[PDB]
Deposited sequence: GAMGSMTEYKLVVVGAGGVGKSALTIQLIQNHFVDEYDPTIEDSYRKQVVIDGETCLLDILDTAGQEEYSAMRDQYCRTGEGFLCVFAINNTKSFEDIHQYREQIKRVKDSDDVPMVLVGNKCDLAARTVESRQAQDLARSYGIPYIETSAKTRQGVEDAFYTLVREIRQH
């Protein structure tokens, strides 16, 4: 059965853990210990293929992190649409992933999370322009409502498959 190794990165509080828990448990967490970093497994069928997703939920700024980063096959780069700084921070995550992989062609999806909230300070167009400069998709998500969550993770799988 095919395994896909996914790594979820981004600034504190953007909803990395909430996105992962929503994907797996179909539940929205209001507060999740920000120090817990672990990998989680989910068996899914994607485009008729039974897949095992091995998802590293990163935390902090570690051996485990360095290990999945080096062997990680695709990256969700998450910001929150009500957190301008987290959007601005994306570039640091992408630059580090490129360094790790020594490549500018890394399977990656830009994720704008918390799209259920009204205090939007990052426009969709801004994030689209950033994603276009990186040559990657942009997808908006809400870990609260589940909007976009499956699309973000499964699109990352389809990006890994083009690689």
What stretches of this chain's deposited sequence are missing C-alpha coordinates?
1 to 5, 67 to 69
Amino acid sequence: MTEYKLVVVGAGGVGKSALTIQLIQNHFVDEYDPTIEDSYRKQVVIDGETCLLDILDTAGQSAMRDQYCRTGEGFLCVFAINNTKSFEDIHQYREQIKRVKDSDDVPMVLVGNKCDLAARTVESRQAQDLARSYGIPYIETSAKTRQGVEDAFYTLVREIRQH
From here on, numbers count along this sequence of modelled residues.
If you average the CA temperature factors as listed in the entry, which stretch comes out higher, 92 to 100 or 25 to 33?
25 to 33
Would you tell me which stretch averages the higher CA B-factor in the PDB entry, 131 to 139 or 46 to 54?
46 to 54
Say you rank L110, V122, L117, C69 by Cα B-factor from the PDB entry; which sits at the top?
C69
Pull the Cα B-factor of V157 out of the PDB entry and bin it into the chain's lowest, middle or highest third.
middle
Sorting the chain's modelled residues by C-alpha B-factor, tell me whether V8 ends up in the lowest, middle or highest third.
lowest
